[PDB]
Each structure stands twice: as C-alpha cells, then as structure tokens.
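There is one chain below, alone, in structure tokens, taken in the form deposited in one PDB entry.
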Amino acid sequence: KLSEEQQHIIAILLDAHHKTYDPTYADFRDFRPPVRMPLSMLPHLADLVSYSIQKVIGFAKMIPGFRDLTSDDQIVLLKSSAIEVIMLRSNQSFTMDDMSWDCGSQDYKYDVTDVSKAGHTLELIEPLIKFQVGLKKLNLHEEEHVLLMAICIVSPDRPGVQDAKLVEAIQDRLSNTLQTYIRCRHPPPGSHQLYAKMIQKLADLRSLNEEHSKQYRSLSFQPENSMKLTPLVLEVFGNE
C-alpha cells in the first residue's frame, strides 16, 4: 500500500514545490509595475509569467527521471506545458473570496479585468476562471497538487516528443503514485473518481493552452506589443 519509492517521489515533488513556489513580493517589486487603467497590464504580467516559467523549469528539473531525457525532450516538454503549469500553480494564490489571484497587496492582486488588460478576452478568461474554481472545488492535497503538475509536464503525448517511451515510463510511475496516494490517503467519498477528475483538469489545460496560443500568436504578431515581452517568454512561447 504505497511503496517507500512512491513516498520518495512525493517527498521530492513536495520539496521541489516548496523551493520553486516562493513568491516574496520582493521578487514582485522587480517586475515592470502593474499599470491598471489597453495592454497596460501586459508588461507586468509578462514579467510575472517570465519569472514563473523559471520556477516551473526549476520544478521540472526536480522531477525524478526528467533529467534522464535528452535536452530536446525536456525543452519540448517545458515550452509545451509552461503556461499550463503556471495556471495550475497559480491556484494557490487564487481566491474564491472574489475570483482573483491575490498575492498580498492590491498591487499584486489580479482579477479578470487585469487579465483582459494584458490582451485576453473571455475566450480564455471564462474557461480559465472555471478551471480555478473547479480546482478549488476538488480541494486537492498538496501531495496531489504537486503530482498533477509533474504529470502535466512529463506527458508522452505532447507533439514534438522524440522518446515518448521514456517519457511514458516516467509519467506512469507518477500516475501510479498518484492513484495509490488517492486510494490510501485521500478520504472517501472525496477519493471517488478523483484521479479521473484530475486528468480532466489536465485536458482542460490543453484547451486553455490552445486558447492562449491563438491570442498569443495574434499579439506577438504586433511588434509594439511583442517588444514588451521578455526574451524567455519569446523563447518558450514562440517567435517569428
């Protein structure tokens, strides 16, 4: 009932998360300031996103086996799940109180109007908010949370992956660790179909990613806006 190895994997991911999920506002002060009135929030959010991508990479690098992949598979996996993992990890600062990502101050409090002020419409926002709420409603354990992020990143079906077989063996160990964790530690009836609901969330992330990309390609197609991005965001999300 949950090998020492599986407990080990979980300990690793919880650690990786505590080390990579550490917003301090001191780090937030270093971003372009949030200009709330269009695209007035694009500079600030571009920096938050850019900062976050680094966190995800640090987290990813901590996933058992991830380091055993060629640089291209890792690369492919990261620029493929970056936005997804970020929307995922952000659920920690998201608050039901008022449907926003509150990171302390009113300055670092982001709501629907802020996201649209960064270039998005409800095309992305509606399903995004729905994702955050649904995520809260699942009331996941931190253990489940960290496993879902690792599984999101090391996904065999991401177009562009070369050695899906090794990516698969990795994801499988993680999936099994998750399922076993849910059966043995998550309280019933809350554990019923939990794994399935977590997979569905990952499916919703794929959709959100597509929606991001549609708008992103559009926006990045406009130089005056594209010049307000960071080199890393351009490198990971794409450029022409």
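Each residue number is its position in the shown sequence, starting from 1. Basically, rigid core = biggest C-alpha set you can superpose within 1.5 Å across the two forms.
The next section is about a form of this same protein that is not shown, the form deposited in another entry.
Undergrad: Only one of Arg183, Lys61, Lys214, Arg32 crosses a C-alpha shift of 2 angstroms between the shown form and the other one, counting 2 angstroms or more, core aligned. Which residue?
TA: Once the cores are aligned, the residue moving by 2 Å or more is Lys214.
Undergrad: Just say closer or farther for the C-alpha distance from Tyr25 to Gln92 in the other entry, relative to the shown form; it changes by 3 Å or more.
TA: Result: closer.
Undergrad: Would one find the Cα atoms of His17 and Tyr25 closer or farther in the other entry than in this form, where their distance changes by 3 Å or more?
TA: So the answer is closer.
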